[PDB]
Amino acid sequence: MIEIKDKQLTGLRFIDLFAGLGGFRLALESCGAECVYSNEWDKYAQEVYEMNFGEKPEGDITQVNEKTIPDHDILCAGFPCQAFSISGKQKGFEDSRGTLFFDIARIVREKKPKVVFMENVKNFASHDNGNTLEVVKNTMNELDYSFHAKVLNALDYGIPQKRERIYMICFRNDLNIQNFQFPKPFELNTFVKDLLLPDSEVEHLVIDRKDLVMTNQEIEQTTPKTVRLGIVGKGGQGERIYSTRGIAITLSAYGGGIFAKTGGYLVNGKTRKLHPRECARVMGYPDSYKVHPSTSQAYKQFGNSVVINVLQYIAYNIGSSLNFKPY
């Protein structure tokens, strides 16, 4: 994550829905905002969240009375994506976990915040011939909000990871906000190698498999893209090996394969998956952030989380627009 000198959200309160690790909180608080409520139902996530922020998020949002939610200016929500991701069954709203957006919609109806800040995977944008994104657009447009939606790739914002996500920013219409803009991409000068831990600390992650097959020579020059070097087994998800000179593939939450949830990398002649700390770094989390004691849950947590830096630039731009009120 980045240092923010000009706090654009000072004095504003926000809600951290589907909190997970608290990525949205880190991003918004770094801009000067105050979190007044958090919600997350996974026991392990609640444990890490509490370990880092001192509070336990409230449980199952589907059974929380919206009138109970504290007044706030900004609603944050990286809602579930299993139902829309290119990696899943794409059941959408018909999935037991694909209707969470409507829980957001009904919170917005009751609390009517100044801004609604949501996040989800890239495929959400095209899922079901684009009908799902339109349902969200109309739902917000009808709750009386504008709808700014764009797909940003983390590699365009200082973080070496090919994580493409759709970011949705909605302003209450009375706040005639007509100058919101998504952050402008800039050159990437940090790569996977720059974030790795010393070999002594990751020896246990090294995998040596007879069916390891290198298909491409290691690259000498850093590039802002993923570069596959080899594969293990059939080369399905989590069986692919990349160059640390390029960028990291998308970390996942339920991912399988020998290099489950992080993918494999060629480091000093050895192939290994990333350490939870490196995942934290690949996601833009500061080293001060405490990871969960269960490595598997830690990978899962960072897996469906958000890249803090991207959130920061957007959050900064949200406050910039909110603060431009000339006479």
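C-alpha atoms forming the largest set that superposes within 1.5 Å between two forms make up the rigid core. One-based numbering along the sequence shown.
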After a core fit, does 101-109 or 77-85 show the bigger CA gap to the shown form in 8 other deposited structures of this protein?
-> 77-85
With the rigid core held as the alignment frame, decide whether 160-168 or 211-219 lies farther from the shown form in 8 other deposited structures of this protein, in terms of RMS C-alpha distance.
-> 211-219
Higher-scoring stretch by recorded Cα B factor average, 174-182 or 150-158 | 174-182
With reference to the PDB entry, specify whether the mean Cα temperature factor is higher for 37-45 or for 62-70.
-> 62-70
Highest CA B factor of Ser252, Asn120, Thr244, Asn216, as deposited, is found at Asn216
If you rank the chain by CA B-factor, which third does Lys89 end up in: lowest, middle or highest?
-> middle
Sorting the chain's modelled residues by C-alpha B-factor, tell me whether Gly230 ends up in the lowest, middle or highest third.
-> middle
Split the chain's modelled residues into thirds by Cα B-factor; is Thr99 in the lowest, middle or highest one?
-> middle
Based on the entry's values, in what third of the chain does the Cα temperature factor of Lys114 lie: lowest, middle or highest?
-> middle
Would you mind ranking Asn317 by its C-alpha B-factor against the rest of the chain and naming the third, lowest, middle or highest?
-> middle
